[PDB]
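A.B. asks: Structure below; questions to follow.
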Amino acid sequence: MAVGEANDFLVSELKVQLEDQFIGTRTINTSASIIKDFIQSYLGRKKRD
Amino acid sequence: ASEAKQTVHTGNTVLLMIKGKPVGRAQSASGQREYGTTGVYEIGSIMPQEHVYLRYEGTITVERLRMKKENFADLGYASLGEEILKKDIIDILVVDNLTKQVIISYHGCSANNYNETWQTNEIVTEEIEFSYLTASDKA
Amino acid sequence: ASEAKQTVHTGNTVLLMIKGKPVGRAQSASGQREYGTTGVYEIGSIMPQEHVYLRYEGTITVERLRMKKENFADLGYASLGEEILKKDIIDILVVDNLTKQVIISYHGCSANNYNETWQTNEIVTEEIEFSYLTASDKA
Amino acid sequence: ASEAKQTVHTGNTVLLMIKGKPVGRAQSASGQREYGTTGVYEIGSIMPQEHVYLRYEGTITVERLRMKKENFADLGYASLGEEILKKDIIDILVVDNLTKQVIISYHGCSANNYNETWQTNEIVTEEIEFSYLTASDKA
Amino acid sequence: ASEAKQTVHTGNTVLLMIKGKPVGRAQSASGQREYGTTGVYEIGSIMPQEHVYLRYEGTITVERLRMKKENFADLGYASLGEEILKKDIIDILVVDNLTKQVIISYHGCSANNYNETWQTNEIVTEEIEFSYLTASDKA
Amino acid sequence: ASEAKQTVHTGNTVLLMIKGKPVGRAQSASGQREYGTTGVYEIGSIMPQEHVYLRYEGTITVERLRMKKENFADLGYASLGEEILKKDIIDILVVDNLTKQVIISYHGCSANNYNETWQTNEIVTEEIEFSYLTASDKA
Amino acid sequence: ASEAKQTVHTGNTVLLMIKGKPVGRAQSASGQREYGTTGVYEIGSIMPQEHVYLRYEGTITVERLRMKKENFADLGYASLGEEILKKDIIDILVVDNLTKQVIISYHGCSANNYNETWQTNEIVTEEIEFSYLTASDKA
Amino acid sequence: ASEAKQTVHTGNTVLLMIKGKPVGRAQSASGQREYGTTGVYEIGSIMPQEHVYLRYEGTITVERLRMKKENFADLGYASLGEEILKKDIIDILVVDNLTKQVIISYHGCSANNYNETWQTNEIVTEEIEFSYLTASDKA
Amino acid sequence: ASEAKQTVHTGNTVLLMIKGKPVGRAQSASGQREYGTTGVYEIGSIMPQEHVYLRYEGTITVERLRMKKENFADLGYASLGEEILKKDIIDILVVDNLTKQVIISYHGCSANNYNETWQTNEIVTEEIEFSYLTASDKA
Amino acid sequence: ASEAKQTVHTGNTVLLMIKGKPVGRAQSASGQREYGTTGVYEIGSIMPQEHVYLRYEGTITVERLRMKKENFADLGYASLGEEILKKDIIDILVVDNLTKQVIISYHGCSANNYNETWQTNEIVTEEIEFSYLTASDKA
Amino acid sequence: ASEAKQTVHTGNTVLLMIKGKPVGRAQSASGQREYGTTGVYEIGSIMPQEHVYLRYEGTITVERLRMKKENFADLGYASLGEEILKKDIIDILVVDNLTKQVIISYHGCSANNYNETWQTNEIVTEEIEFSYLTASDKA
Amino acid sequence: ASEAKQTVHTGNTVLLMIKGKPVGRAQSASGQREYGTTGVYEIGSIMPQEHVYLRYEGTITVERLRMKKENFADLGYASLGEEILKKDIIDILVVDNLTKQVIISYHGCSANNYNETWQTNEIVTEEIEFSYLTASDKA
Amino acid sequence: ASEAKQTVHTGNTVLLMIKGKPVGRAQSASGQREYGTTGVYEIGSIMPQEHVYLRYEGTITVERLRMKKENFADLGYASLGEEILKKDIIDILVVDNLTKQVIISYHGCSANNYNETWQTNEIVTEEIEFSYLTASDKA
């Protein structure tokens, strides 16, 4: 139960931030290399605490 | 000839980028990084026995002309007073201008000082400085 | 670029206003700020985990040709010695020359140091530095 | 055209004056003034709650060629050794050259350092510095 | 970085409260507490078999700038001379600003000692040390 | 800003008085008080049941530059030698020079110790301690 | 070089644990021990005949930044008020974060004193002292 | 400024004298004096009803550079070994230079303790502490 | 002088090699060393009799144009943050371009500070500084 | 200058040894020793007639960095908890490196007290204080 | 101006004389003085009331081309190491070239630092700095 | 100026001797003396009626760099271990190296404590305290 | 005309020499020398009573291109690592180029720092620094 509960929270909050970062689709300058970085920025924060 | 064929970076083949946004018309930027390295010492010897890493210190400084519209203050990415209490972390990236691919990334920047200058015959200029958690690069 | 179209501010299109009076023939001005940012460190990791703000510092410098009249002393916005103790809170604004628009403002200015230059073969300059409670802009 | 019609001071339209005496042929002089301003701080806040004036510090520096006759030392207005025990206060004034009217006054000056320089192809020059009780201006 | 998300309390976020009213211009608050612990020793063995708590001892010190009005003497939380014997037991709380939420509380403080300071050119400051029945936190 | 707005007392505005006479060149003043609070401790509980005030004790120290005339011994206050037996009870006051408003009063001071300090290349300084009966808040 | 070669322990790699849980933002830890050694002295000789161990005593102190959540009182370890009577024996460990290898263990700690420090423009800090029964070397 | 008109004594103007002869190269002189004051406490009231002077206690310390000749041992004001028991009571005075006018006087000093120092590359220095029957000033 | 005959080394005939890789397009490098030499002094003589060595310090600086690939990060001989803690001892050699001969070598290099420069109208430079255990040459 | 010809010992040449094995990364060693000397006083004379040695007292303290392995606890020269009562008396020697030649020796040390320290970003360090039967040197 | 008529001193009409010998081919000289002036401040006023002198400092610098003979070493007015300790008080005078008149004099000169320059493509300069008891002039 | 004119003793010229032998590399020497002066106090008067000398006590400490040969233990003076029982009375002298003139003598020294200090990257130092019977002034 | 007929030294008429060896192709060298002069001060006076020499400090710096063959490192006269333990004293002499006669001598030099620089379009350069016991000159 609790293994799934953490997963559900982690996925919702990842979506909550992507809803700003890239779902805004603000330019065609959004290289995949920045997508990889932003993911690692999210992972770094979840790893830190 | 073409800027993609040289083996070395220069100012005009690089683009400053920020969360969801290209910055542009930046003058310069410098990233300082230190590992606080310290040398272990022994009796019976004058040479250091080894060197140990102790603390990661680092800063990024940014230097830009004051734009007439949607400047740093209006955007708030460097900002003033007790609004700082509600200015979250920023990520700052240095990107190949022709390809839009990352050269390096700074994680977790937040302000350290923010200054400007005015003079009669000159451009209004701004100095910004952030402290950050980690530098990085990947592919 | 054409006069109205310039996408960067300049000394030609900016003028300093203090207590509702323009500071004409200003030589320069510098805004300076520090947030006393400090990093939180731990045993078990080299880097700071997060940074926090502790004490805000604000400062502004102003240079101005010594005016025959309506200098800062005559203005009543600066004074010498035991006259300073009878002078209430001052406010300073940076105003756009073309649009009549506040560019930034400073709240609760008070003098820090105030300095002269009586040189031969040169124009006399007054040099002043203030502290303020906060820096601001509201478009 | 005439020096009286400009709205700004310059070196040659100003005359250095001293008790009962015009000085003349001075190279430069600077008057430093500080109010030791300090910012009160609170818990629950990062901004300073107010700024308070604490101490009036100030100095005047003077810079002149060594005159061949009736120089500073012969006059004694900057002087040497344990004759300083009997050198009373001096008042120093900065005066409009065309009108002989006061621009500012320094009350209560007394020496802080006194230096000279000699070199083969050059004028003998002198540096003097006094500390003073109050700056002032009136009419 | 921002106040809502930092994991460590600072003097910048906390507010100090007394009798349901905030403290003005507190410079510090220290709280020292002892349990007088002692180790149960025996013959036949060198180290203690277990420790026992003997007594509760509480101390708190508050350092404050001397407000022009409504200081501790004017506000009635402290008093000079005869008057302390008339005063009631007083409650002091620590409270985060953003939520007005109690962090800890010193249930029923009472004064021990009172220290004040005046100096040339410089801020007037106070200090009071209290003792308290109990200290506790909830929510 | 002005001395008519600042919320905190400063040594700048504060004057010092003794026997209804103001003190010249007073440097610093310490003010200590104790109410000998003792905790009433119990069998059957570790905490104190209440705190009780028990013996009052205070001390005021005054630091002053040795005046060329009207020092403490030349003025007739605390002095050297046999004359201490005939120095009667004397009161001290702290005042605001801006309005001549009394801050506090030390009722019925008496001398404890007199320190005079001479050091080469330094101003002569003094440091007298006084015991006093009561203190009071007025105005 | 790497943390897998350096010959000396560092706070960088060392982690701290209590009740089988790691401590966040631990700043410093002191560890004292005494074996009350007494010299056995004689008639007929000036030197000691031998040294004997006599009473064991130790102390561990832990310094920590006040967490916004799960501090020592909020986590349920050493706390304030009556609840100390019901805080059972708890063990502390020092670990290498690289391999999770135990460095040392403090068997059966108990609280001695709790210091909490608040200062304006500084991070909130804490300092708890614990007595412990035995310590051990493992791995 | 000048010696005749300053309102504060300095080490620059004062001269120290002993047995009607000046002291050579004195570095400091401190004079500590106590009256042993005590507060008269009662049952039925917490504060003292009045203070009483109990005892006179006098101390003076003089720090001096070790003259090649005519130091305290050579001059007979102090002595090593057996000899102090032969020496008389000695009078020390403070005297302004310009008028040879007594400021204070330590009637009948007598040595307590004597301290000397030698160091590499550095000046040899002395110190003597005396006690005295009475201290007084007139004219 | 002719190419092989030059009796002085130059940047044209020297290239830096690190872990068996040449650092092409190096801008500069500086070697820096201190022996912590200290002199032994005495009473009885002004000069130091002999000098001794106490702590050795070694340092080397390197500047290099930021390479599109095979920069120090990509090389694996430098890295950022928590990547540095996984990187073993590095060795650096200075090698003659014409003879393929070691000019000097450094043992046990570790990074101290490592710095960027992203300027407009300029080539990007990496700026690095290392500590090492020892400096050496063996022809 | 060179090691063979210097006339003064340094921490650079000495090596510290224990039980026939060197000490790793010792930072200091201090040795304090007292003879408890007392002066034989009489009636009829003020100074002592002769001094007498009463007791031998020996102390030595060693400060060391916490080796990852083979520290004092791991190596068996010191121990935590119960174990010190099992350990033997231990010999410590000082020895010049170049000749492996004993300088002094602490015959039969035994532990008194043990002190350890962990800190953020910083080196872990130790300290042990011993007492010893006798100290002697030969050859 | 004509040769005798120049109302300002120059290096062409001034020459340095030391112990009755002219220092020909002097490059430069600087006279430097400080009076250790200090301000007296008070509670009750922001400004210093009066300033006083505490310690006089005198210094003079001299630069001179290294003479094949009759340099300062050969002159016997400077020397190296243990030769300096055998050299009596030196006096220096500044003398007018046209009138043979003392311009200023220095009393009791002694050396402070004394320095060389052996550069290629340049003339060798000796660089010296002295302290003196007093500076003076008597026309 | 020369060592044949200066009026004050300096560690430069002063030599140190023991048992008629000069000490090499002596750093510093302290010399304390007490005459246990007690004030004779009265009923009917607050002041002392007279002061009387009562018990003589002195101490001399000597600081020295550990010589490679002929240190205090290797030379046969104060030493370690049993041999202290057989170290007879020994005298110390202070001398002027210029003329070999005795400054003072410490008659009949005896050892009190011996400190030896070893620190990494520092010279080995020592600090011995001696009690002595009498001292004397000669020449 | 001929270099022997001028009365002044220059770089090309001087030859750097070392034990049994001419150096040659040196760029520059500077010899710093200080006497640590200190001014004795008195009460009753502001002028220093005399100046005393206290310590002889001095250094020689040397600056040379890196030679292709038999350089400083290969010769070892400035050298690296823990070979410094076996590098004896060096004497360095400055000699008339046409006559080979001594101008000055430095006794007892040993290293203090040793540095180099490399750059693309430039010569490899070296900086060396020694500390020495005495400067000197004779005939």
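Chain labels run A, B, ... following the order of the structure tokens; each chain numbers its residues from 1, and ligands are numbered from 1 in the order shown.
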Just want the 8 Å neighbourhood of residue 64 (chain K), counted on only C-alpha atoms, with same-chain residues fewer than 2 positions away dropped. Output as an NGL selection string.
C.D. replies: :K and (23-28 or 62 or 66 or 125-127)
A.B. asks: Contacts of residue 31 (chain G) at 9 Å or less, counting only C-alpha atoms, minus same-chain residues fewer than 3 places along, as a PyMOL selection string?
C.D. replies: (chain G and resi 58-61) or (chain J and resi 114-118)
A.B. asks: How would the residues just picked look written out with N, CA and C atoms as a compact mmCIF listing (two decimals), in the first residue's frame?
C.D. replies:
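Result written to out-v6.txt:
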# COMPACT_ATOMS: atom_id res chain seq x y z
N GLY G 58 31.48 9.86 31.30
CA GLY G 58 31.50 10.35 29.93
C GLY G 58 30.40 11.35 29.66
N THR G 59 30.53 12.04 28.53
CA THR G 59 29.56 13.03 28.08
C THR G 59 29.64 13.10 26.55
N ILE G 60 28.47 13.16 25.91
CA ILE G 60 28.34 13.44 24.48
C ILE G 60 27.42 14.64 24.33
N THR G 61 27.85 15.61 23.53
CA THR G 61 27.03 16.76 23.17
C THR G 61 26.76 16.71 21.67
N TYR J 114 39.85 11.27 27.50
CA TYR J 114 39.73 10.95 26.08
C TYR J 114 38.68 11.89 25.51
N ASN J 115 39.01 12.56 24.41
CA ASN J 115 38.21 13.66 23.88
C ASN J 115 38.19 13.54 22.36
N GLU J 116 37.00 13.63 21.78
CA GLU J 116 36.81 13.46 20.35
C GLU J 116 35.86 14.53 19.84
N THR J 117 35.89 14.76 18.53
CA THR J 117 35.19 15.89 17.92
C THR J 117 34.81 15.53 16.49
N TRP J 118 33.56 15.82 16.13
CA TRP J 118 33.09 15.76 14.75
C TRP J 118 32.43 17.08 14.41
A.B. asks: From the list L:72, L:41, L:132, L:77, which residue is nearest chain J when using only C-alpha atoms?
C.D. replies: L:132
A.B. asks: Give the residues of chain L that lie within 12 Å of chain G; count only C-alpha atoms, and format the answer as a PyMOL selection string.
C.D. replies: chain L and resi 80-85
A.B. asks: Please, could you write that set of residues out with N, CA, C and O atoms as an mmCIF file, in the first residue's frame?
C.D. replies:
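That gives us again10.cif:
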data_model
loop_
_atom_site.group_PDB
_atom_site.id
_atom_site.type_symbol
_atom_site.label_atom_id
_atom_site.label_comp_id
_atom_site.auth_asym_id
_atom_site.auth_seq_id
_atom_site.Cartn_x
_atom_site.Cartn_y
_atom_site.Cartn_z
ATOM 1 N N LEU L 80 64.193 15.094 34.052
ATOM 2 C CA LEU L 80 63.056 14.207 34.231
ATOM 3 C C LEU L 80 63.443 13.046 35.141
ATOM 4 O O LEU L 80 64.615 12.672 35.229
ATOM 5 N N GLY L 81 62.446 12.488 35.831
ATOM 6 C CA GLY L 81 62.644 11.235 36.542
ATOM 7 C C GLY L 81 63.313 11.386 37.902
ATOM 8 O O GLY L 81 63.247 12.431 38.550
ATOM 9 N N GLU L 82 63.973 10.302 38.329
ATOM 10 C CA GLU L 82 64.526 10.224 39.681
ATOM 11 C C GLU L 82 65.635 11.235 39.922
ATOM 12 O O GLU L 82 65.863 11.634 41.069
ATOM 13 N N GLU L 83 66.341 11.654 38.871
ATOM 14 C CA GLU L 83 67.556 12.443 39.045
ATOM 15 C C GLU L 83 67.309 13.808 39.684
ATOM 16 O O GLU L 83 68.277 14.455 40.095
ATOM 17 N N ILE L 84 66.052 14.258 39.784
ATOM 18 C CA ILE L 84 65.761 15.548 40.408
ATOM 19 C C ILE L 84 66.210 15.572 41.861
ATOM 20 O O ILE L 84 66.607 16.624 42.377
ATOM 21 N N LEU L 85 66.154 14.428 42.547
ATOM 22 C CA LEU L 85 66.586 14.367 43.939
ATOM 23 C C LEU L 85 68.053 14.742 44.121
ATOM 24 O O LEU L 85 68.454 15.073 45.242
#
A.B. asks: Mind giving me the straight-line distance from CA of residue 35 (chain E) to CA of residue 52 (chain E) in Å, one decimal?
C.D. replies: 9.2 Å
A.B. asks: Using only C-alpha atoms, I'd like a table of the residues in chain A that come within 12 Å of chain C; for each, show the closest atom pair and its distance in Å rounded to one decimal, ordered by chain and ascending number, as JSON lines.
C.D. replies:
{"residue": "A:44", "atom": "CA", "partner": "C:49", "partner_atom": "CA", "distance": 10.9}
{"residue": "A:45", "atom": "CA", "partner": "C:49", "partner_atom": "CA", "distance": 9.7}
{"residue": "A:47", "atom": "CA", "partner": "C:49", "partner_atom": "CA", "distance": 11.1}
{"residue": "A:48", "atom": "CA", "partner": "C:49", "partner_atom": "CA", "distance": 7.4}
{"residue": "A:49", "atom": "CA", "partner": "C:49", "partner_atom": "CA", "distance": 9.1}
A.B. asks: As number ranges by chain, please: every residue in region 19-133 of chain H that a backbone DSSP assignment puts in helix (DSSP H, G or I).
C.D. replies: H: 72-75, 81-86
A.B. asks: Set the distance at 12 Å and use only C-alpha atoms: which residues neighbour residue 139 (chain K) once local chain neighbours fewer than 4 positions away are removed? I'd like the list as JSON, numbers by chain.
C.D. replies: {"D": [68, 69, 70, 71, 73, 74, 75, 76], "K": [93, 94, 95, 96, 99, 100, 101, 102, 103, 104, 105]}
A.B. asks: Generate a file of the selected residues that holds C-alpha atoms, formatted as an mmCIF file, in the first residue's frame.
C.D. replies:
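Contents of result35.cif, as written:
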data_model
loop_
_atom_site.group_PDB
_atom_site.id
_atom_site.type_symbol
_atom_site.label_atom_id
_atom_site.label_comp_id
_atom_site.auth_asym_id
_atom_site.auth_seq_id
_atom_site.Cartn_x
_atom_site.Cartn_y
_atom_site.Cartn_z
ATOM 1 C CA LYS D 68 59.104 79.875 -1.947
ATOM 2 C CA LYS D 69 58.029 82.465 0.663
ATOM 3 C CA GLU D 70 55.653 82.552 3.673
ATOM 4 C CA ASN D 71 54.807 78.865 3.227
ATOM 5 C CA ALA D 73 55.475 75.904 7.796
ATOM 6 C CA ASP D 74 56.712 79.492 8.132
ATOM 7 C CA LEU D 75 53.135 80.584 8.807
ATOM 8 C CA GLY D 76 52.803 77.503 11.035
ATOM 9 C CA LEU K 93 68.872 68.588 6.147
ATOM 10 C CA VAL K 94 67.144 69.840 3.000
ATOM 11 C CA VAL K 95 69.179 72.753 1.616
ATOM 12 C CA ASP K 96 68.388 75.378 -1.002
ATOM 13 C CA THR K 99 70.677 80.473 -1.360
ATOM 14 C CA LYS K 100 72.518 77.818 0.708
ATOM 15 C CA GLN K 101 69.611 77.926 3.173
ATOM 16 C CA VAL K 102 68.130 75.171 5.304
ATOM 17 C CA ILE K 103 64.666 74.384 3.939
ATOM 18 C CA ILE K 104 63.774 71.829 6.642
ATOM 19 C CA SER K 105 65.667 69.547 9.017
#
A.B. asks: Could you tell me how far CA of residue 133 (chain M) sits from CA of residue 51 (chain I), in Å to one decimal place?
C.D. replies: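 CA of residue 133 (chain M) lies 8.5 Å from CA of residue 51 (chain I).
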A.B. asks: In Å, rounded to a single decimal, give me how far CA of residue 11 (chain C) is from CA of residue 32 (chain C).
C.D. replies: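 Computing it gives 18.0 Å between the two atoms.
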A.B. asks: With DSSP run on the backbone, what are the strand (DSSP E) residues within chain C? I'd like them as a PyMOL selection string.
C.D. replies: chain C and resi 14-18+21-22+26-34+38-42+45-52+57-65+90-96+102-115+125-131+134-136
A.B. asks: From the list L:110, L:120, L:97, L:38, which residue is nearest residue 4 (chain L) when using only C-alpha atoms?
C.D. replies: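 Selected residue with least distance to residue 4 (chain L): L:97.
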A.B. asks: Please list as a PDB file with N, CA, C and O atoms, in the first residue's frame every residue within 9 Å of residue 98 (chain D), counting only C-alpha atoms and excluding residues in the same chain fewer than 5 positions away.
C.D. replies:
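In the end it all went to selection_21.pdb:
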ATOM      1  N   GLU D   3      32.334  84.182 -15.959  1.00  0.00           N
ATOM      2  CA  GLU D   3      32.323  83.093 -14.986  1.00  0.00           C
ATOM      3  C   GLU D   3      31.160  83.181 -14.001  1.00  0.00           C
ATOM      4  O   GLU D   3      30.835  82.175 -13.360  1.00  0.00           O
ATOM      5  N   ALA D   4      30.534  84.348 -13.863  1.00  0.00           N
ATOM      6  CA  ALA D   4      29.439  84.551 -12.923  1.00  0.00           C
ATOM      7  C   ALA D   4      28.102  84.036 -13.438  1.00  0.00           C
ATOM      8  O   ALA D   4      27.154  83.929 -12.651  1.00  0.00           O
ATOM      9  N   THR D  13      36.952  79.295 -10.532  1.00  0.00           N
ATOM     10  CA  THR D  13      36.013  80.259  -9.964  1.00  0.00           C
ATOM     11  C   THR D  13      35.877  80.142  -8.438  1.00  0.00           C
ATOM     12  O   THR D  13      34.907  80.671  -7.881  1.00  0.00           O
ATOM     13  N   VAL D  14      36.811  79.469  -7.754  1.00  0.00           N
ATOM     14  CA  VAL D  14      36.765  79.312  -6.300  1.00  0.00           C
ATOM     15  C   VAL D  14      38.126  79.661  -5.696  1.00  0.00           C
ATOM     16  O   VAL D  14      39.176  79.381  -6.286  1.00  0.00           O
ATOM     17  N   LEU D  15      38.085  80.256  -4.502  1.00  0.00           N
ATOM     18  CA  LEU D  15      39.229  80.807  -3.775  1.00  0.00           C
ATOM     19  C   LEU D  15      39.248  80.148  -2.404  1.00  0.00           C
ATOM     20  O   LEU D  15      38.251  80.202  -1.675  1.00  0.00           O
TER      21      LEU D  15
END
